[PDB]
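K.L.:
pasting an experimental structure, sequence included:
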Amino acid sequence: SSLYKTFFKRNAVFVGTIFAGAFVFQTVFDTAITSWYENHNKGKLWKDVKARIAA
Amino acid sequence: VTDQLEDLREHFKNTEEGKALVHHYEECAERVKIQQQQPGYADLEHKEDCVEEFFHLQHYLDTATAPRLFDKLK
Amino acid sequence: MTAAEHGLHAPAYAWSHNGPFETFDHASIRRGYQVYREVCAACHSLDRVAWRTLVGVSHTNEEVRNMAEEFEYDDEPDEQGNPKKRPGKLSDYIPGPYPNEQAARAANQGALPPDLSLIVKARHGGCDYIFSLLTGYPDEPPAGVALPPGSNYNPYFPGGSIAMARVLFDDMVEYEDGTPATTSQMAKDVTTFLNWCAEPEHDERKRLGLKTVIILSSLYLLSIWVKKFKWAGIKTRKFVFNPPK
Amino acid sequence: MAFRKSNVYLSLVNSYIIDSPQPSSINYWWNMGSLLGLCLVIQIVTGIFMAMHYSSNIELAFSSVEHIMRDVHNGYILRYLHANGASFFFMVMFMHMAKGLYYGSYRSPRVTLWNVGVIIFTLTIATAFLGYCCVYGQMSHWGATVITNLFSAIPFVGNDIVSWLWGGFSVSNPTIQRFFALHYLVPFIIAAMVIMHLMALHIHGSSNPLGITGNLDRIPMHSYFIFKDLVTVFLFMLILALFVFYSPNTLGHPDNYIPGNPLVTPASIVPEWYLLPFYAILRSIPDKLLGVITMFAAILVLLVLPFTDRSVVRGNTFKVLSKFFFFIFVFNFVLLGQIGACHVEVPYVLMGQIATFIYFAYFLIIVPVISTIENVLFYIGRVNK
Amino acid sequence: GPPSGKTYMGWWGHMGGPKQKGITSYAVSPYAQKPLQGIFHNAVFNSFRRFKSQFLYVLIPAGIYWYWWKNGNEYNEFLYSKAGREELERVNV
Ligand code: HEC
Ligand code: HEC
Ligand code: HEC
Ligand SMILES: COc1c(O)c(C)c(C/C=C(\C)CC/C=C(\C)CC/C=C(/C)CC/C=C(\C)CC/C=C(\C)CCC=C(C)C)c(O)c1OC
Ligand SMILES: C/C=C(C)/C=C/C=C/[C@H](OC)[C@@H](C)[C@@H](OC)[C@@H](C)CCc1oc2c(O)c(OC)cc(OC)c2c(=O)c1C
């Protein structure tokens, strides 16, 4: 896979880059999961129930 | 409106299987009251009940009503 | 052991919260609270549930504040030391109907209505059991069953003789959202509400599980690959023997 | 020489985890030990963080745990990890022990290794019991009552030992407070025993599936087994995660979600699953004293195996009769557990009594008889005179 | 340091095995090997072999115990039903 040799060129990924990528992942991954989860449960959430309420 | 569970139960008590089960429960109930009106029922220590026959009925009804009841509820 | 002594096995209803990806249905929780307030609360405490936990779950911050204020709680003594009451706040716990155990037994033929905060987790069958119990009172006990005075028959309760009579009847509650208040509907709602009381972390717990399981699965598949790579030289290693002269 | 070898602290790490010569052929069954160390760590870490929010007073214990469940951020995760982790700790320990049984790991020169392991097992059972009592649910109270009463079977002073353990007339405040203090202590004694266990392991090294010497072909712990351990560590975490997040109460008892009541013992009382086979053994003896003696003997009999295994080869890999009876033993153990979960009723009582016999007969009769027969079979099948 | 007791395992260079002579080993860098994907077509039918020789040692004892369990269970069910209350009084006490 030449896609690897463009970014890291035959060398292993260094801890600094690993740590940095981890912070990014944490945020991205969380939003992706929360989104899917809330969508999959559309109609049941409190957000949805509050929309059909007015007091 | 009318209770959704009672509806599905009544409906199932009237299928072939349901009738057969209420029959057996009924045949048990009959046999029981006949034993109560006889002398010495208080001191018998061998009184028969129809829980078993009742449970078979209820079990059948549960098995048929349980997977459908919620599609009718909100 | 006899079927009567064990109790009838509760069947599996299709709860909307069953399933790894499913949250509670919050409208049902909202309704369940009403059924609890208007029917159950007369005999059942709910000691472990604080008003504040309702906010953002089934009611608004405003609605809960109004509900809490309808109850008086002991306050700190005044400047002179005499006791004084106070309306409820969000930090308070939902009050119970009786002041002590003895007063609760007196109002129920000597029986003690358990607290319902954990009832869903404190019984085999969970929601299926609670629901079935509430909707399982026959108009008449099976033939031959000698039911003690003050007792009631219910096939789902162990031994069949339960001290709580049927309390749910069609349209005894007027749902704020217009839903037809049938007995099975009300049972379905309180039960959903009681599951939340016992497992308030439910929705969030499953969301975290989803992330945890995805990361761990990947790490597992990945480690297998890394291990095979690190072992390739050993696994394919070859030996030859040439006996010494 | 390399620093990892010259430094006083690092050399310990090097000799035990980096350069430690391992037999090239050990299989995944040899990954259980690291999984046990990991379990020990999970129990200690989660318990200390929970201790920070726990009250041992009998009036507050149950509510303090509900407080951890409801008010402590991520509290339910800590409690569910701790509870489910205790169960996972036993599943893995049984596998670690079963592995030992099958491969003749208890044999010379690893007898000391095996004996220390038996002590750890007893300590682990005691630690989990102490923790279970801390919740102070219905199962906690009666479990504490029944188990402290085991000592009343001791002639003369038994009831005195019990009142001393209780700190009073019955399981009360003094009891739960001392059980929490002891629950906190034992895990550290287990940690010290694990070190003694690893020390005995280090002098002779691990055994292997062939049952023969590993001296002709060793490979370093570092890299090979460090990464091979990683594979099972993740699989272990994945499964533990499925329970913690998706089915946190499946391995427990619903009665422990009811505060303990000194005047009522639930008809539904059942011991924790990992204690069922032992419970069944005790229940099978219709005598108080003998019931408790036989149950304890079911654990101590593990010490007899190095002497009753008469074979001249280590392990069951190339032994047809021994493999068969080993599995009779395993499934008989599962049966004992299924009997423990049942009512003291007709078919069950007799089945439990027979399974109990089979349990002891395995160590005292089957193994010595069968291993002797296999010895002879191996001989006459090749000697032509 | 203090004298150490003789064991059955040494360390690199003095493992305690017998003197080896005549055996020659060969190996190839994992780097030079075909990346993990070849464990199929060649390593699939070959697999499942270390359980075709063992399943009987596991299955037979399992079968014996499952049957024994099923039997006692079904017998208990009969004893506590109406049909068996007569036999129950007999086998009980
Ligand atoms: C007082 C008149 C009651 C009302 C109103 C409701 N309950 Fe009740 N409940 C009551 C008693 C006296 C008992 C004791 C039963 C016994 O035999 O000991 C109970 C018990 C329960 C239980 C526990 C059953 C069990 O498995 O042990 C449950 C799950 C329960 N009650 C639920 C419940 C709900 C949800 C109610 C409103 C819909 C309700 N109860 C009303 C007395 C009374
Ligand atoms: C204080 C440190 C601490 C240590 C060290 C610790 N625990 Fe606990 N443990 C607790 C506390 C606090 C509780 C009560 C909270 C709870 O119920 O989980 C508890 C409860 C338990 C329970 C009851 C679980 C339940 O159902 O709630 C078990 C079983 C248990 N521990 C097992 C262990 C084992 C096994 C170890 C050691 C290998 C261990 N514990 C080490 C503090 C500790
Ligand atoms: C009653 C038996 C027994 C118990 C319990 C026991 N061990 Fe062991 N352990 C052994 C034996 C025997 C071996 C040697 C196995 C071999 O090499 O064949 C061993 C080996 C090990 C190994 C090496 C790797 C392996 O899995 O073989 C480690 C690490 C280890 N044990 C850790 C632990 C820890 C940690 C605990 C408990 C908290 C524990 N053991 C409990 C018997 C036991
Ligand atoms: C010859 O064969 C071997 C072999 O020898 C070895 C070593 C291994 C590898 C396995 C191990 C070394 C397992 C070892 C495990 C232990 C020694 C466990 C020790 C346990 C502990 C619990 C340590 C104590 C920890 C604490 C006190 C920390 C917790 C407290 C904290 C973080 C404080 C928190 C507070 C605040 C305020 C932040 C093998 O796998 C193996 O076979 C292949
Ligand atoms: C201060 C420290 C003390 C006092 C330590 C004591 C340690 C004792 C033993 O460990 C070494 C002991 C736990 C161990 O016996 C070998 C177990 C197999 C005991 C198994 C056991 O469990 C039960 C249980 O869990 C219950 O729960 C609801 C209820 C029980 O009856 C109904 C039992 C029971 O009848 C038995 C035998």
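P.N.:
Received the coordinates, thanks. Numbering: from 1, shown residues only, chains lettered A, B, ... in the order given. Ligands and ions are numbered 1, 2, ... in the order given.
K.L.:
around chain D, pick out the residues from chain C.
P.N.:
C:1, C:20, C:48, C:53, C:114, C:117-118, C:121-124, C:158, C:198, C:200-201, C:205-206, C:208-209, C:212-213, C:216-217, C:219-220, C:223-224, C:226-227, C:230-231, C:234 (Cβ under 8 Å from any Cβ of the partner chain). For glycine as for every other residue, the C-beta is placed from the backbone atoms N, C-alpha and C.
K.L.:
mind running it again at 7 Å?
P.N.:
Within chain C, the positions near chain D by Cβ under 7 Å from any Cβ of the partner chain are C:1, C:20, C:48, C:118, C:121-124, C:200-201, C:205-206, C:208-209, C:212-213, C:216-217, C:219-220, C:223-224, C:226-227, C:230-231, C:234.
K.L.:
distance between stretch C:49-60 and the chain's centre?
P.N.:
Taking the mean of its C-alpha atoms, stretch C:49-60 sits 15 Å from the chain's own mean (Cα atoms, centre = their mean, to the nearest Å).
K.L.:
circling back: now, the residues of chain C next to chain D that are in helices?
P.N.:
Using DSSP state H, the subset of the residues of chain C next to chain D located in helices is C:205-206, C:208-209, C:212-213, C:216-217, C:219-220, C:223-224, C:226-227, C:230-231, C:234.
K.L.:
and chain D, is stretch A:30-40 touching that?
P.N.:
No - using Cβ under 7 Å from any Cβ, stretch A:30-40 never reaches chain D; the gap is at least 13.1 Å.
K.L.:
picking that back up, from the ones in helices among the residues of chain C next to chain D, which would you call buried?
P.N.:
Buried subset of those (neighbour count, 16 or more other Cβ atoms under 10 Å in any protein chain shown): C:205-206, C:208-209, C:212-213, C:216, C:219-220, C:223-224, C:227, C:231.
K.L.:
among those, which one lies nearest to chain B?
P.N.:
Using Cβ to the nearest Cβ, residue C:206 comes nearest to chain B of these, at 19.8 Å.
K.L.:
contact partners for the closest one?
P.N.:
By Cβ atoms under 7 Å, 6 or more residues apart in numbering or on different chains, the contact list for residue C:206 reads C:20, D:245.
K.L.:
residues near residue 17, how many?
P.N.:
No chain in the question, so chain A it is. When neighbours are counted by other Cβ atoms under 10 Å in any protein chain shown, residue A:17 registers 12.
K.L.:
chain C was what I was after
P.N.:
20.
K.L.:
wouldn't it be in contact with residue C:28 here?
P.N.:
No - with contacts counted by Cβ atoms under 7 Å, residue C:17 stays clear of residue C:28, the gap being 8.9 Å.
K.L.:
out of the residues of chain C next to chain D, who's near ligand 1?
P.N.:
residue C:123 (Cβ under 6 Å from any ligand atom).
K.L.:
burial of the residue in chain A that ligand 3 sits nearest to, as a residue count?
P.N.:
Closest residue of chain A to ligand 3, Cβ to the nearest ligand atom: residue A:15 (28.1 Å). Neighbour count of residue A:15, defined by other Cβ under 10 Å: 8.
K.L.:
count the residues that sit near the residue in the stretch 1-150 of chain D positioned nearest to ligand 1.
P.N.:
In the stretch 1-150 of chain D, the residue found nearest to ligand 1 is residue D:138; the distance is 12.6 Å by Cβ to the nearest ligand atom. Residues lying near residue D:138 (other Cβ under 10 Å) number 24.
K.L.:
please apply the same query to residue D:283.
P.N.:
Neighbour number of residue D:283 under other Cβ under 10 Å is 19.
K.L.:
against residue D:60, how distant is residue D:279?
P.N.:
In this view, residue D:279 and residue D:60 are 30 Å apart by Cβ to Cβ, to the nearest Å.
K.L.:
interface residues of the stretch 251-385 of chain D facing chain E?
P.N.:
Counting by Cβ under 7 Å from any Cβ, the stretch 251-385 of chain D sits next to chain E at D:323-324, D:327-328, D:331-332, D:335, D:338, D:345-348, D:351.
K.L.:
tell me which of these is nearest to ligand 2?
P.N.:
residue D:338 (21.4 Å).
K.L.:
what's the nearest residue to that closest one if we skip its chain neighbours?
P.N.:
residue E:69 (6.4 Å; Cβ to Cβ, 6 or more residues apart in numbering or on different chains).
K.L.:
for that neighbour, identify the helix or strand it belongs to.
P.N.:
Assigned by DSSP states H and E, residue E:69 belongs to helix E:55-79.
K.L.:
ok, the following helix or strand past that helix near chain B or not?
P.N.:
Going down the chain from helix E:55-79, the next helix or strand is helix E:85-91, by DSSP H and E. No - Helix E:85-91 stays clear of chain B (Cβ under 7 Å from any Cβ), getting no nearer than 9.3 Å.
K.L.:
check whether helix E:85-91 comes near chain C.
P.N.:
No - Helix E:85-91 lies out of reach of chain C by Cβ under 7 Å from any Cβ, never closer than 9.1 Å.
K.L.:
residue D:307 in helix, strand or coil?
P.N.:
At residue D:307, secondary structure determined by DSSP: H, G, I helix; E, B strand; the rest coil is helix.
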